[PDB]
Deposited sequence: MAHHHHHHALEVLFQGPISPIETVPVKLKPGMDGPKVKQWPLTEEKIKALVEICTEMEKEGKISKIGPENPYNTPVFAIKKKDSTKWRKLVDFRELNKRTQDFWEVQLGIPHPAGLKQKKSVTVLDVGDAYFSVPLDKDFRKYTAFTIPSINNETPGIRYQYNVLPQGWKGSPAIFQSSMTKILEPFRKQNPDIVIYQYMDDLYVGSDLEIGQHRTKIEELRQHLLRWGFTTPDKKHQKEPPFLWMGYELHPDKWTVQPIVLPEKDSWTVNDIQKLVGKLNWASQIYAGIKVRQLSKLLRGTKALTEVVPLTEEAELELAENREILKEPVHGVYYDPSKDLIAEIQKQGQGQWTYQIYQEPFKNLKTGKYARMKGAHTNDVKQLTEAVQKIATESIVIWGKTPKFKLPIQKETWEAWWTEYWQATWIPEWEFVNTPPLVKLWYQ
C-alpha cells in the first residue's frame, strides 16, 4: 500500500534473456514449494510466454541452516538496471568495518518483500522453474516486490533500513553495520560470546519490525618470497632471475645484472655456481624490497576491482586483488581446512566466496574474478558449493605458471 519508485533500464539496453540451466530434484522441489508460498503471499505472479525475458534461478543450502534458500542470478539485470547514484540512493561504505575483531554476516533479504515494485519494471524479473525429464514446460514467474539479489532493492529500501537500524546503532556506537545487497555485515571489537549475543539482539530487533563469523584482523598479506639456499645451481639462478624480472613490473628498482652475469656461457642446468659477493648483495637488496609493501598504490572507487587466483597444490590457492595491472591492492593465500582435501572445484568456489567477502568488508563491493578453470567444469559443479546470497562477476582463463611468483 505504498507508492512505487519509477525505475528504468539504462538507455538503449533491453531486459535479460538468459536460459535456465538444469537443476537436481531437490533444488526443483525446494523452488516449487518456495515459489508456491511466495505466489500465495502475492510476492510473485504467474506469467505466460508473451514476456520475452528470463533470468536463471537455483537454490542453495547453508551448512549451518539446513533450510533451502532461493537464489536468482540477477547479474545481467543488475548490469542493465539504471544507476542510483543519480537518484542519490547509494550506500556509503564505512572504513571501520575491516578493523573490527569479528564480523557476522546476516541475510536480511526478506525485508525487501514488504515494498512493491514498479509496475512497468516487473516484466524484467521473470524466471522459469524447469521440470525433471521435461515432463512439463517450464513454470514462469515474475516479481511484484523488490526482489532478492536485485541491485535496486537495497537502494529503494535504503530509507527504511536506516530507520530500522537507527535505535540499534544508537545504543551501540562502536558496532559497524554495512549493508551489501541482501546482507548486513556486522563488525565489533568485543569478545566472541557477547558478540554473538548482540547479534541475537540485532536479529530480534529486525524480526520484530518485520551467523557467519569472520575475523579481518586475521587476514594477512602474503608477499613475494625468494628461496634461501646455501648452494645454487644454474637452474635455481635462472628461475630466480625470471621471477625477479617479472617482479620488476610491480616493485621499483629491482636489479638482475650481477646474478644474471653469473650465468655467462652455455652451462649445464645442474652445475653449481658460487654466489659473488656482489651477487649476494643484489639478492639481499631485492629480498628486502619485496619485504615491504609497494609505494604509490591507492584504492579508486570509480574503477572496478579484479581478482586473480592461482592453484598452488595441496589445498593452497594464491590470489591478487588490483584495479590497474601490477598495482595490487592486496595479495593473499587461501587454504581450506575441511580435511577431505580432494575437490579442486569446491576449494576454488569457497576461495571465490572468501575473496569476494573480504572485498565487501574492505571496499564495499565484489571484484570480477579471473578463474583458473575451464568454463564447462566450473558450470558443471559450482552451484553445489555456493553459500552466498550474492554472485560476483567472473571470467575464465587458462594461463600456465611461467614462474611461481606467489609461492
| property | result |
| --- | --- |
| Gaps in the model, given as deposited-sequence positions counted from residue 1 | 1-19, 230-246, 444 |
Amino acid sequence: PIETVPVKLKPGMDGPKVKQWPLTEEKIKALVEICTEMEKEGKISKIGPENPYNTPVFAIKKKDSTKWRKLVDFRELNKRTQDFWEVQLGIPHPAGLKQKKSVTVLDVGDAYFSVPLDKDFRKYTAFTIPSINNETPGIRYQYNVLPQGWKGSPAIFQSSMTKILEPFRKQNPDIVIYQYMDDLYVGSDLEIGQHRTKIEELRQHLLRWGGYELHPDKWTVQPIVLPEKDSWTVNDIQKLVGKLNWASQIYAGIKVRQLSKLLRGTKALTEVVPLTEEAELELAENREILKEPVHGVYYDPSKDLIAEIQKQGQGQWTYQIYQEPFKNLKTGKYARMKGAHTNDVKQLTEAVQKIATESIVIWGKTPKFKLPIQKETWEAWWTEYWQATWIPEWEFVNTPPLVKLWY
From here on, numbers count along this sequence of modelled residues.
query: Comparing 130-138 with 231-239, the one whose average Cα B-factor in the PDB entry is higher; finding: 231-239
query: Residue stretch of maximal mean CA temperature factor, 165-173 vs 77-85; finding: 165-173
query: Options 70, 67, 365, 370 - largest CA temperature factor per the record; finding: 67
query: Residue, from 156, 97, 106, 273, that the PDB entry assigns the highest Cα B-factor; finding: 273
query: Ranked against its chain, the third holding the CA B-factor of residue 188; finding: middle
query: Third of the chain, ranked by Cα B-factor, where residue 120 sits; finding: middle
query: Chain-relative CA temperature factor third for residue 57; finding: lowest
query: Third assignment of residue 150 from its chain's C-alpha B-factors; finding: lowest
query: Third of the chain's Cα B-factor distribution that residue 357 belongs to, per the entry; finding: lowest
